[PDB]
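Form deposited without guanosine-5'-monophosphate (5GP), single chain, as structure tokens, below.
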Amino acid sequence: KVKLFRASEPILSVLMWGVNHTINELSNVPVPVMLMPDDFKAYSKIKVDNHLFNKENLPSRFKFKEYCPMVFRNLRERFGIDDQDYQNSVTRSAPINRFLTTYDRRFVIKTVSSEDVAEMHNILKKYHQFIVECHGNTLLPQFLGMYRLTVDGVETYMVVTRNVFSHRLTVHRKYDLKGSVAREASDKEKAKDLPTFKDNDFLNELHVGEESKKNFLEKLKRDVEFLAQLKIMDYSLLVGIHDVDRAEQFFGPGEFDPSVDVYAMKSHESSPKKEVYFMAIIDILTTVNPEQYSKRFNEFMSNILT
């Protein structure tokens, strides 16, 4: 209950302090009957300027800013995420390795630009109403919070999402898929321990059954169609495969809580390999178009599952 905010970097400690502060503050704000237009233009800003006090892990001076806190708190609720757990995932231990992850791997913390923040504000209302409408059952990124950190006079923007991958299960194959032209992974990329394979890598070489294919493709058509309405493109389908048998060499094989690992789906019983898949849409912020991009994306993702 004594929360030091020890971290590898001052910036991370400031993040921890900041989520802590803002989440607490929000625990002193009543959950409204509904969001109002102003909430979509609102923010909190804090400037800390301490002196000879509590400088073990935190800087003496810094700034923290949370964009649209009522909206993100409502999003958090809609995604079945308790403010307290969110807070604990950020504050109990330094987030880890620009893409970061909370120590418990539940949440991804992505550094962004000023333009991503603007874009976010631009789509936030429609995004929220869409989340409401789909009861949070979506394949889009699930945005949990958005922050601006000012450390040493240097502004850093962050967006917090639920992890596409399991927070426990090891991912054994990564693909990033646009359905696009053509693209592959490099010698530079095929070098890594975790290669980000691509469309050509995948087509060169997913078994969930026809009901799962139904619901997944349903979700996808609805999300990709929403993305085309907002006239967005160049996003991908992030796909990760956990090979159950490979991992076997408290515990639980291929075991996971689908209320937590939200994008996880298991192999059909008559699958060649015992496997768990993770599939979501990413990169929705920053000679074709949405209609063409959206529909092509759909064709491709469709001929990916059986």
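The numbering used is simple: start at 1 and walk along the sequence shown.
Below: the form deposited with guanosine-5'-monophosphate (5GP) bound, not depicted.
Heavy atoms within 4.5 Å of guanosine-5'-monophosphate (5GP) in the bound PDB entry belong, among the stretches 88-96, 156-164, 206-214, 126-134, to residues of 156-164. For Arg78, no non-hydrogen atom is located within 4.5 Å of guanosine-5'-monophosphate (5GP) in the bound PDB entry, even though that partner is not displayed. Looking at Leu220, you'd find every heavy atom of it more than 4.5 angstroms from guanosine-5'-monophosphate (5GP) in the bound PDB entry. In the bound PDB entry, guanosine-5'-monophosphate (5GP) sits within 4.5 Å of a heavy atom belonging to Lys174. Although the partner is absent from this view, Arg168 stays clear of guanosine-5'-monophosphate (5GP) in the bound PDB entry, with no non-hydrogen atom inside 4.5 angstroms. The partner is absent here, but in the bound PDB entry a heavy atom of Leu238, alone among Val276, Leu238, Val262, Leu58, sits within 4.5 Å of guanosine-5'-monophosphate (5GP). A heavy atom within 4.5 Å of guanosine-5'-monophosphate (5GP) in the bound PDB entry is found for one listed residue only; from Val108, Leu144, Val71, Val151, this is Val108. Contacts with guanosine-5'-monophosphate (5GP) in the bound PDB entry, taken as any heavy atom within 4.5 Å, map within 176-206 to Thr196 alone.
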